[PDB]
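>>> before the rest arrives, take these chains from my complex:
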Amino acid sequence: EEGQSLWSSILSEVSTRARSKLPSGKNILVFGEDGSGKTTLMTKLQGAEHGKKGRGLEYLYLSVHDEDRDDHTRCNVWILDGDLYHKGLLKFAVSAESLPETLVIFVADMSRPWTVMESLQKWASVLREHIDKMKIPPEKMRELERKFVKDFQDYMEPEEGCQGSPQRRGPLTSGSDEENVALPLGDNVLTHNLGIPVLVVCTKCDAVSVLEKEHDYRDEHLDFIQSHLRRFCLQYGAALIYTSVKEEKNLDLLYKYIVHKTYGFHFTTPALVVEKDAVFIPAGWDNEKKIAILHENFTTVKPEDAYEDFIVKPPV
């Protein structure tokens, strides 16, 4: 048992000396509403066009083949529906061990922009009773939140020299503490931050281009929605991507941000602001003074209008 425990210590240390893989058991959650091409773009991130579209807890996998060490893991996909009677399928999706192995994606439909924030705080409330019911010990939960505050302040927007190699959001000058993005803290900032990588995806942003002409909106319409989105995602510590499902706008950008948030890789694109249906809002980049920078652009409106009335919901 000298040689047996010796040889077992040898078999523990030899597989340590091999090439590292991406750690499997990663889960990806899809929160949000149906009718938004969840299955469509989620197969696009898999590598397909459309899958066998079921309902409830749809499963796929994303083909995460490494380009560096040339390995391949596949992470789990849990497409949850718009239904809150089949919302109880999430215990097969994510547990507390794999809650740090989780990149949560929220669907915002930009085909139905008027139903966004009630679905956001409703599915976020679903996620809050979910995250209360899955029962993390609070010291590790607060450890996740304090280190998420830490990597939230670690972030920089990438430059042109950060579109290749990884942007060193940790120590560039080694062994110290310096500010990179210092957020003005409000009640819209991190008050139900959950210590996990959270994302909201605006889906079908080419259906904004219906409502730029068939509803004839202005620039301050999207800043109203976008400032409400900044206020709510910053409250949970999240990023925000403005995507078209149908035209498949910048899929590689999405895939680089997924492997960047899950396995600590690099997302090699700066925060796009230039096209209004393609404004990239990262995590750890925007703050409440940047919300007020949209209010400098508020010329004809004040932000206390109703959500479905300023952003005009048709009664069907």
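Here it is on my side, so go on. Residues are numbered from 1 along each chain as shown, chains lettered A, B, ... in the order given.

>>> which residues does residue A:56 contact?
Neighbour list for residue A:56: A:80, A:81, A:83, A:86, A:89 [criterion: Cβ atoms under 8 Å, 6 or more residues apart in numbering]. From N, CA and C alone the C-beta is placed, and that goes for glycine too.

>>> isn't residue A:117 right next to residue A:232, touching?
Yes: between residue A:117 and residue A:232 a contact is recorded at 6.9 Å, counting by Cβ atoms under 8 Å.

>>> which phi and psi values does the nearest residue to residue A:77 once chain neighbours are set aside adopt?
Distance criterion Cβ to Cβ, 6 or more residues apart in numbering; nearest residue to residue A:77, sequence neighbours excluded, is residue A:60 at 3.9 Å. Backbone torsions of residue A:60, given as degrees, to the nearest 10, read phi -140, psi -170.

>>> verify the stated contact: residue A:60 with residue A:46.
Yes: in this structure, residue A:60 is within contact of residue A:46 by Cβ under 8 Å, at 5.0 Å.

>>> mutual contacts of the two, please.
Here residue A:60 and residue A:46 have residue A:77 as joint contacts, going by Cβ under 8 Å, 6+ apart.

>>> which one of these two is surrounded by more residues?
residue A:60 (22 against 16; other Cβ atoms under 10 Å).

>>> could you check how far the more buried one is from residue A:252?
For residue A:60, the distance to residue A:252 equals 18 Å [Cβ to Cβ, to the nearest Å].

>>> over to residue A:88?
35 Å.

>>> check residue A:72 too.
17 Å.

>>> append chain B to the structure above:
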Amino acid sequence: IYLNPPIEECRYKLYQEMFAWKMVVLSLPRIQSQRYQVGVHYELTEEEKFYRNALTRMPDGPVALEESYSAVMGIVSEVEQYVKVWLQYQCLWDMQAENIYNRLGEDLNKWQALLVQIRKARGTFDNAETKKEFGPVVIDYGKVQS
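To build on what is shown above, here is chain B added in:
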């Protein structure tokens, strides 16, 4: 040592006969409650064309969907346990001889007992089963056992 098709595709396959076995029922069309008119021959959803709200009209609650999905997670867990029986033994193909040989030194009884262990473990690895089945779900591992 590697599994092709992997555990994610195995879960995806069990969810595929979920999808075919549920679109026995769901891909049945539902009937417009008036037909000879005009306005429902205008654009309809899947909930207006097909009987897919009968899955939302589960009368005993949703309970058998989590029972089936827990059976899927249990089967995926057991075949995941047996595939990480044989993915433990990738250490022999990660094996550098210096980590054995600098550990052993020149004490001969360690070498003799190690040859006893490689004989005993080769006795275990020459067993009769090449394919393991749980329910319907089958591992092939005979080629890699050879």
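
>>> in light of the added chain B, please revisit the contacts of residue A:56.
A:80, A:81, A:83, A:86, A:89, B:55, B:65 (Cβ atoms under 8 Å, 6 or more residues apart in numbering or on different chains).

>>> and the furthest pair within those residues?
Greatest spatial distance in these: A:80 and B:55, 14.4 Å, computed using Cβ to Cβ.

>>> flag every residue of chain B that's near chain A.
When proximity is defined as Cβ under 8 Å from any Cβ of the partner chain, chain B approaches chain A at B:6, B:8-9, B:11-12, B:15-16, B:18-20, B:22-23, B:26, B:45, B:52, B:55-56, B:62, B:65-66, B:69-70, B:72-73, B:88, B:90-91, B:94-96, B:99-100, B:103, B:110, B:113-114, B:117.

>>> helices - which of those land there?
Using DSSP state H, the subset of these located in helices is B:8-9, B:11-12, B:15-16, B:18-20, B:22, B:65-66, B:69-70, B:72-73, B:99-100, B:103, B:110, B:113-114, B:117.

>>> and residue A:54, its phi and psi?
Torsion angles, degrees, to the nearest 10, at residue A:54: phi -90, psi -150.

>>> the one 5 residues further on too?
When read as degrees, to the nearest 10, the backbone of residue A:59 gives phi -120, psi 140.

>>> that one against residue A:77, yeah?
Yes: using Cβ under 8 Å, residue A:59 is in contact with residue A:77, at 5.9 Å.

>>> who's in contact with the spatially closest residue to residue B:70 that is not a sequence neighbour?
What sits nearest to residue B:70 in space, not counting adjacent residues and going by Cβ to Cβ, 6 or more residues apart in numbering or on different chains, is residue A:92, at 7.0 Å. Applying Cβ under 8 Å, 6+ apart to residue A:92 gives the contacts A:57, A:78, B:66, B:69, B:70, B:72, B:73.
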